[PDB]
Amino acid sequence: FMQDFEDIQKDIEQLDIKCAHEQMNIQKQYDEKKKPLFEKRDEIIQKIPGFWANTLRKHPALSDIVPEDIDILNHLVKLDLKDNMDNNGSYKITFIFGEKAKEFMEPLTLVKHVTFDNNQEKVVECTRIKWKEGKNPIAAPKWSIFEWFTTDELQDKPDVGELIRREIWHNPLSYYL
Amino acid sequence: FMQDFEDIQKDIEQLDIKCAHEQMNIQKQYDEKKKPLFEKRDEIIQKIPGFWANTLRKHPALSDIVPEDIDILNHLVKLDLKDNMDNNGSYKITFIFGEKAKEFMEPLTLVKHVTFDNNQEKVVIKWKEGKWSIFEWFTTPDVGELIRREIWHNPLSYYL
């Protein structure tokens, strides 16, 4: 009877396996249909002066970042989420900065690629920002958003990755307003 | 531009809506295949004295509950989740209690709906004389989700 319950739950899980599979096939139908929309949206962001700067810091968890952060972020021309690469919650976020950001740093493309193992997070890739002399804002209650570009864990320090993926990326216009 | 942006989100949103619709439609086809299998599972539980009473509190979140909940939970004969009610993710949970629970309450079936609209949540017992509380969640620990997210799909996990 302990055994009967296991038998029944085999049968249930087999149906969920097959349900999730079909749903995923549809899921990845539309993921692909979205790709164009996300790209046509990036083109609009390009035409909206300092959009990400004014978007990001309207999120409560990011609102109290150093003012210096804004100086660089004001040249964030492009932000992209590459979501759902693993079936495990994996993603890659990419910051592309206009030329003027060369006053403060190198390179102009920052990437951070992340996976998960046992609900512990692991950073697979991360750009080493090379701040110009006297231009590092991590050198200034507050923290610097660019502190998010480490390999180390972030204890009691906002997961800019997760907030982006789960709250901001789907509709950043909400936050711009 | 502010209109071009507002337009592309609707383009995205309704691609989202669709997707959710077709995915649901699939959920239902399997919710129906599974219905007989819940009947046997429920049929089986009835032959494991105090199954639910013993399954819930082995969940770390509920492990802090007051002894008197157990008294009632011991007379909980049937528990059912009815999930994904709408494109938002609304569910209905129903506790049916045996008749020895008359000692403690009316009515003996307790239904609870948590309803989500296109963004947020709107949510919706008379004790006899002497009778946190797990039933303290029957106001207006998110035990309703502890059940649906984690327990329901395979409760025997927690029994063992």
# chains A, B, ... in the order shown; residues from 1 in each chain; ligands from 1
$ closest_atom_pairs --of "chain B" --to "chain A" --cutoff "8 Å" --atoms "only C-alpha atoms" --output "JSON lines"
{"residue": "B:1", "atom": "CA", "partner": "A:44", "partner_atom": "CA", "distance": 6.4}
{"residue": "B:4", "atom": "CA", "partner": "A:44", "partner_atom": "CA", "distance": 7.1}
{"residue": "B:5", "atom": "CA", "partner": "A:44", "partner_atom": "CA", "distance": 6.6}
{"residue": "B:6", "atom": "CA", "partner": "A:173", "partner_atom": "CA", "distance": 7.5}
{"residue": "B:8", "atom": "CA", "partner": "A:37", "partner_atom": "CA", "distance": 6.5}
{"residue": "B:9", "atom": "CA", "partner": "A:171", "partner_atom": "CA", "distance": 6.8}
{"residue": "B:11", "atom": "CA", "partner": "A:37", "partner_atom": "CA", "distance": 7.4}
{"residue": "B:12", "atom": "CA", "partner": "A:34", "partner_atom": "CA", "distance": 6.6}
{"residue": "B:15", "atom": "CA", "partner": "A:30", "partner_atom": "CA", "distance": 7.0}
{"residue": "B:16", "atom": "CA", "partner": "A:30", "partner_atom": "CA", "distance": 7.8}
{"residue": "B:19", "atom": "CA", "partner": "A:30", "partner_atom": "CA", "distance": 6.6}
{"residue": "B:22", "atom": "CA", "partner": "A:26", "partner_atom": "CA", "distance": 7.5}
{"residue": "B:23", "atom": "CA", "partner": "A:23", "partner_atom": "CA", "distance": 5.3}
{"residue": "B:26", "atom": "CA", "partner": "A:19", "partner_atom": "CA", "distance": 6.9}
{"residue": "B:27", "atom": "CA", "partner": "A:19", "partner_atom": "CA", "distance": 6.6}
{"residue": "B:30", "atom": "CA", "partner": "A:19", "partner_atom": "CA", "distance": 6.5}
{"residue": "B:33", "atom": "CA", "partner": "A:15", "partner_atom": "CA", "distance": 7.9}
{"residue": "B:34", "atom": "CA", "partner": "A:12", "partner_atom": "CA", "distance": 6.5}
{"residue": "B:37", "atom": "CA", "partner": "A:8", "partner_atom": "CA", "distance": 6.6}
{"residue": "B:40", "atom": "CA", "partner": "A:8", "partner_atom": "CA", "distance": 7.4}
{"residue": "B:41", "atom": "CA", "partner": "A:5", "partner_atom": "CA", "distance": 6.4}
{"residue": "B:44", "atom": "CA", "partner": "A:5", "partner_atom": "CA", "distance": 6.7}
{"residue": "B:45", "atom": "CA", "partner": "A:5", "partner_atom": "CA", "distance": 7.9}
{"residue": "B:154", "atom": "CA", "partner": "A:9", "partner_atom": "CA", "distance": 6.8}
{"residue": "B:156", "atom": "CA", "partner": "A:5", "partner_atom": "CA", "distance": 7.3}
$ write_last_selection --atoms "N, CA and C atoms" --output "compact mmCIF listing (two decimals), in the first residue's frame"
# COMPACT_ATOMS: atom_id res chain seq x y z
N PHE B 1 7.76 57.06 -30.39
CA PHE B 1 8.77 56.24 -29.70
C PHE B 1 8.20 55.64 -28.44
N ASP B 4 5.68 53.53 -30.07
CA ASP B 4 6.36 52.36 -30.65
C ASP B 4 6.75 51.31 -29.60
N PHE B 5 7.17 51.78 -28.43
CA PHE B 5 7.53 50.89 -27.33
C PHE B 5 6.26 50.25 -26.77
N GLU B 6 5.20 51.03 -26.61
CA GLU B 6 3.99 50.53 -25.99
C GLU B 6 3.35 49.50 -26.91
N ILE B 8 5.11 47.44 -29.01
CA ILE B 8 5.87 46.23 -29.18
C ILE B 8 5.72 45.37 -27.96
N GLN B 9 5.36 45.98 -26.85
CA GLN B 9 5.09 45.21 -25.65
C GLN B 9 3.76 44.45 -25.80
N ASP B 11 2.52 43.51 -28.71
CA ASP B 11 2.99 42.46 -29.60
C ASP B 11 3.63 41.30 -28.86
N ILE B 12 4.44 41.64 -27.86
CA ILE B 12 5.09 40.63 -27.05
C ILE B 12 4.07 40.02 -26.12
N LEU B 15 1.65 37.63 -27.85
CA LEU B 15 2.38 36.41 -28.15
C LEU B 15 2.52 35.59 -26.84
N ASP B 16 2.50 36.28 -25.70
CA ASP B 16 2.68 35.60 -24.42
C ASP B 16 1.41 34.92 -24.07
N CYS B 19 0.77 31.99 -26.26
CA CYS B 19 1.55 30.85 -25.83
C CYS B 19 0.88 30.21 -24.62
N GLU B 22 -2.25 28.05 -25.54
CA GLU B 22 -2.02 26.76 -26.10
C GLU B 22 -1.46 25.81 -25.09
N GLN B 23 -0.65 26.32 -24.19
CA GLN B 23 0.00 25.49 -23.18
C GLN B 23 -0.95 25.01 -22.14
N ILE B 26 -3.13 22.18 -23.39
CA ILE B 26 -2.39 20.95 -23.23
C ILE B 26 -2.46 20.51 -21.77
N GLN B 27 -2.29 21.45 -20.84
CA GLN B 27 -2.45 21.14 -19.42
C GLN B 27 -3.75 20.36 -19.20
N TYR B 30 -4.18 16.72 -20.18
CA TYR B 30 -3.49 15.82 -19.29
C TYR B 30 -4.10 15.82 -17.89
N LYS B 33 -6.50 13.15 -18.21
CA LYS B 33 -5.89 11.82 -18.17
C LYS B 33 -5.53 11.45 -16.74
N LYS B 34 -5.12 12.45 -15.96
CA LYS B 34 -4.66 12.28 -14.59
C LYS B 34 -5.80 12.12 -13.57
N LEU B 37 -6.33 8.92 -11.98
CA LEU B 37 -5.18 8.54 -11.18
C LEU B 37 -5.14 9.28 -9.85
N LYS B 40 -7.61 7.15 -7.56
CA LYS B 40 -6.96 6.01 -6.91
C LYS B 40 -6.00 6.46 -5.81
N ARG B 41 -5.25 7.51 -6.06
CA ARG B 41 -4.37 8.07 -5.05
C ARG B 41 -5.15 8.49 -3.79
N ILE B 44 -6.37 5.42 -2.14
CA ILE B 44 -5.29 4.84 -1.37
C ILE B 44 -5.00 5.56 -0.07
N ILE B 45 -5.04 6.88 -0.09
CA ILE B 45 -4.69 7.64 1.08
C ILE B 45 -5.59 7.29 2.22
N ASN B 154 3.66 15.27 -5.66
CA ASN B 154 4.03 13.98 -5.07
C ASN B 154 4.14 14.07 -3.57
N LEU B 156 3.76 11.78 -1.21
CA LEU B 156 4.36 10.63 -0.53
C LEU B 156 5.84 10.89 -0.23
$ atom_distance --atom1 "CA of residue 86 in chain B" --atom2 "CA of residue 165 in chain A"
23.6 Å
$ select_by_dssp --residues "range 74-115 of chain B" --states "strand (DSSP E)" --output "ChimeraX atom specification"
/B:76-82,91-97,105-106,109-115
$ write_last_selection --atoms "N, CA and C atoms" --output "CSV table (one decimal), in the first residue's frame"
chain,number,residue,atom,x,y,z
B,76,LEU,N,-8.7,15.0,8.6
B,76,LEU,CA,-8.7,15.4,7.2
B,76,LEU,C,-8.7,14.2,6.3
B,77,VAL,N,-9.8,13.9,5.7
B,77,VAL,CA,-10.0,12.7,4.9
B,77,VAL,C,-9.6,12.9,3.4
B,78,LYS,N,-9.7,14.1,2.9
B,78,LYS,CA,-9.4,14.4,1.5
B,78,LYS,C,-8.9,15.8,1.2
B,79,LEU,N,-7.8,15.9,0.5
B,79,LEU,CA,-7.2,17.2,0.1
B,79,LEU,C,-7.0,17.3,-1.4
B,80,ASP,N,-7.6,18.3,-2.1
B,80,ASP,CA,-7.4,18.4,-3.5
B,80,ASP,C,-7.0,19.7,-4.0
B,81,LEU,N,-6.1,19.7,-4.9
B,81,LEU,CA,-5.7,20.9,-5.7
B,81,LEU,C,-6.3,20.9,-7.1
B,82,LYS,N,-6.7,22.0,-7.5
B,82,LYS,CA,-7.3,22.2,-8.9
B,82,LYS,C,-6.5,23.4,-9.4
B,91,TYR,N,-5.6,28.9,-8.6
B,91,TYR,CA,-6.0,27.6,-8.2
B,91,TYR,C,-7.1,27.5,-7.1
B,92,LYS,N,-7.6,26.3,-7.0
B,92,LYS,CA,-8.6,26.1,-5.9
B,92,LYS,C,-8.1,24.9,-5.1
B,93,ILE,N,-8.0,25.0,-3.7
B,93,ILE,CA,-7.7,24.0,-2.8
B,93,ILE,C,-8.9,23.6,-2.0
B,94,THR,N,-9.2,22.3,-1.9
B,94,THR,CA,-10.3,21.9,-1.1
B,94,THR,C,-10.0,20.8,0.0
B,95,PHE,N,-10.1,21.2,1.3
B,95,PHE,CA,-10.0,20.2,2.4
B,95,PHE,C,-11.3,19.7,2.8
B,96,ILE,N,-11.6,18.4,2.5
B,96,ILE,CA,-12.7,17.7,3.1
B,96,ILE,C,-12.3,17.0,4.4
B,97,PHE,N,-13.0,17.2,5.5
B,97,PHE,CA,-12.7,16.6,6.8
B,97,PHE,C,-13.8,15.5,7.1
B,105,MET,N,-15.5,22.0,14.3
B,105,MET,CA,-15.9,23.0,13.3
B,105,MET,C,-17.1,22.6,12.5
B,106,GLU,N,-17.6,23.6,11.8
B,106,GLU,CA,-18.5,23.5,10.6
B,106,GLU,C,-18.1,24.6,9.6
B,109,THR,N,-16.3,20.5,4.7
B,109,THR,CA,-15.5,20.8,3.5
B,109,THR,C,-15.1,22.3,3.6
B,110,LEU,N,-13.8,22.5,3.4
B,110,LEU,CA,-13.3,23.9,3.3
B,110,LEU,C,-12.7,24.2,2.0
B,111,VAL,N,-13.2,25.1,1.2
B,111,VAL,CA,-12.7,25.4,-0.1
B,111,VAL,C,-11.9,26.7,0.0
B,112,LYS,N,-10.8,26.9,-0.7
B,112,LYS,CA,-10.1,28.1,-0.7
B,112,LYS,C,-9.6,28.3,-2.1
B,113,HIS,N,-9.9,29.5,-2.6
B,113,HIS,CA,-9.5,30.0,-3.9
B,113,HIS,C,-8.4,31.0,-3.7
B,114,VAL,N,-7.3,31.0,-4.5
B,114,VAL,CA,-6.5,32.2,-4.6
B,114,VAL,C,-6.6,32.6,-6.0
B,115,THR,N,-7.0,33.8,-6.2
B,115,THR,CA,-7.2,34.3,-7.6
B,115,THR,C,-6.2,35.3,-8.0
$ atom_distance --atom1 "CA of residue 55 in chain A" --atom2 "CA of residue 104 in chain A"
20.9 Å
$ closest_residue --among "A:54, A:46, A:144, A:127" --to "residue 68 in chain A" --atoms "only C-alpha atoms"
A:144
$ select_by_dssp --residues "chain A" --states "alpha helix (DSSP H)" --output "PyMOL selection string"
chain A and resi 2-45+51-56+68-73+160-163+173-176
$ closest_residue --among "A:130, A:137, A:146, A:3" --to "residue 160 in chain B" --atoms "only C-alpha atoms"
A:3
$ closest_residue --among "B:149, B:28, B:35, B:10" --to "residue 85 in chain B" --atoms "only C-alpha atoms"
B:28
$ atom_distance --atom1 "CA of residue 144 in chain B" --atom2 "CA of residue 84 in chain A"
27.7 Å
$ residues_around --residues "residue 168 in chain A" --least-positions-apart "4" --cutoff "12 Å" --atoms "only C-alpha atoms" --output "mmCIF file with N, CA, C and O atoms, in the first residue's frame"
data_model
loop_
_atom_site.group_PDB
_atom_site.id
_atom_site.type_symbol
_atom_site.label_atom_id
_atom_site.label_comp_id
_atom_site.auth_asym_id
_atom_site.auth_seq_id
_atom_site.Cartn_x
_atom_site.Cartn_y
_atom_site.Cartn_z
ATOM 1 N N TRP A 52 18.275 52.901 -20.405
ATOM 2 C CA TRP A 52 18.490 51.876 -19.391
ATOM 3 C C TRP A 52 18.879 52.512 -18.085
ATOM 4 O O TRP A 52 18.436 52.053 -17.047
ATOM 5 N N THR A 55 15.860 53.370 -16.512
ATOM 6 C CA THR A 55 15.021 52.226 -16.229
ATOM 7 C C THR A 55 15.496 51.487 -14.998
ATOM 8 O O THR A 55 14.746 51.352 -14.039
ATOM 9 N N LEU A 56 16.742 51.019 -15.026
ATOM 10 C CA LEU A 56 17.283 50.167 -13.970
ATOM 11 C C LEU A 56 17.045 50.684 -12.555
ATOM 12 O O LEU A 56 16.580 49.954 -11.690
ATOM 13 N N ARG A 57 17.359 51.953 -12.331
ATOM 14 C CA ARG A 57 17.317 52.533 -10.992
ATOM 15 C C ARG A 57 15.926 53.025 -10.584
ATOM 16 O O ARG A 57 15.788 53.728 -9.587
ATOM 17 N N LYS A 58 14.906 52.655 -11.352
ATOM 18 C CA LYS A 58 13.545 52.764 -10.881
ATOM 19 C C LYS A 58 13.074 51.423 -10.319
ATOM 20 O O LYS A 58 11.937 51.284 -9.872
ATOM 21 N N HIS A 59 13.936 50.424 -10.358
ATOM 22 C CA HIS A 59 13.650 49.205 -9.633
ATOM 23 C C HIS A 59 14.112 49.395 -8.203
ATOM 24 O O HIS A 59 15.274 49.727 -7.981
ATOM 25 N N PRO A 60 13.196 49.213 -7.230
ATOM 26 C CA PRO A 60 13.520 49.368 -5.806
ATOM 27 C C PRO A 60 14.901 48.843 -5.386
ATOM 28 O O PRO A 60 15.632 49.541 -4.679
ATOM 29 N N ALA A 61 15.278 47.655 -5.846
ATOM 30 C CA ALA A 61 16.532 47.043 -5.379
ATOM 31 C C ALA A 61 17.773 47.693 -5.973
ATOM 32 O O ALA A 61 18.903 47.361 -5.586
ATOM 33 N N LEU A 62 17.576 48.605 -6.917
ATOM 34 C CA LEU A 62 18.708 49.200 -7.603
ATOM 35 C C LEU A 62 18.702 50.685 -7.422
ATOM 36 O O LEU A 62 19.609 51.368 -7.878
ATOM 37 N N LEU A 79 21.119 46.274 -23.817
ATOM 38 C CA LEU A 79 21.096 45.266 -22.767
ATOM 39 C C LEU A 79 20.361 44.062 -23.312
ATOM 40 O O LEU A 79 19.275 44.212 -23.867
ATOM 41 N N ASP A 80 20.929 42.870 -23.181
ATOM 42 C CA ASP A 80 20.214 41.707 -23.696
ATOM 43 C C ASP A 80 20.254 40.506 -22.817
ATOM 44 O O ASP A 80 21.286 40.123 -22.293
ATOM 45 N N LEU A 81 19.082 39.919 -22.665
ATOM 46 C CA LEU A 81 18.930 38.677 -21.964
ATOM 47 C C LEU A 81 18.880 37.597 -23.018
ATOM 48 O O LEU A 81 18.125 37.707 -23.981
ATOM 49 N N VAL A 160 21.470 41.549 -9.817
ATOM 50 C CA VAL A 160 21.069 42.381 -10.958
ATOM 51 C C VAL A 160 20.639 41.485 -12.105
ATOM 52 O O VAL A 160 19.712 41.804 -12.846
ATOM 53 N N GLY A 161 21.309 40.344 -12.215
ATOM 54 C CA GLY A 161 20.916 39.308 -13.151
ATOM 55 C C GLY A 161 19.494 38.827 -12.968
ATOM 56 O O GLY A 161 18.713 38.829 -13.914
ATOM 57 N N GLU A 162 19.145 38.437 -11.748
ATOM 58 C CA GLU A 162 17.845 37.835 -11.504
ATOM 59 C C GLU A 162 16.742 38.848 -11.584
ATOM 60 O O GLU A 162 15.684 38.549 -12.104
ATOM 61 N N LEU A 163 16.979 40.041 -11.054
ATOM 62 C CA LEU A 163 15.980 41.095 -11.133
ATOM 63 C C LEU A 163 15.708 41.418 -12.593
ATOM 64 O O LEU A 163 14.568 41.637 -12.969
ATOM 65 N N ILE A 164 16.755 41.438 -13.416
ATOM 66 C CA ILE A 164 16.566 41.700 -14.841
ATOM 67 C C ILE A 164 15.706 40.612 -15.469
ATOM 68 O O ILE A 164 14.663 40.905 -16.046
ATOM 69 N N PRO A 172 10.465 46.560 -19.706
ATOM 70 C CA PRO A 172 11.269 47.655 -19.154
ATOM 71 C C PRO A 172 10.565 48.985 -19.230
ATOM 72 O O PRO A 172 10.942 49.903 -18.521
ATOM 73 N N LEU A 173 9.560 49.086 -20.086
ATOM 74 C CA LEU A 173 8.843 50.347 -20.254
ATOM 75 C C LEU A 173 8.061 50.701 -18.994
ATOM 76 O O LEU A 173 7.989 51.858 -18.611
ATOM 77 N N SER A 174 7.471 49.685 -18.368
ATOM 78 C CA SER A 174 6.900 49.798 -17.036
ATOM 79 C C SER A 174 7.806 50.558 -16.079
ATOM 80 O O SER A 174 7.362 51.425 -15.334
ATOM 81 N N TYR A 175 9.083 50.219 -16.098
ATOM 82 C CA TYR A 175 10.028 50.843 -15.192
ATOM 83 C C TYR A 175 10.512 52.203 -15.687
ATOM 84 O O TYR A 175 10.813 53.072 -14.885
ATOM 85 N N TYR A 176 10.569 52.409 -16.995
ATOM 86 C CA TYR A 176 10.938 53.720 -17.511
ATOM 87 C C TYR A 176 9.864 54.756 -17.128
ATOM 88 O O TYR A 176 10.133 55.942 -16.987
#
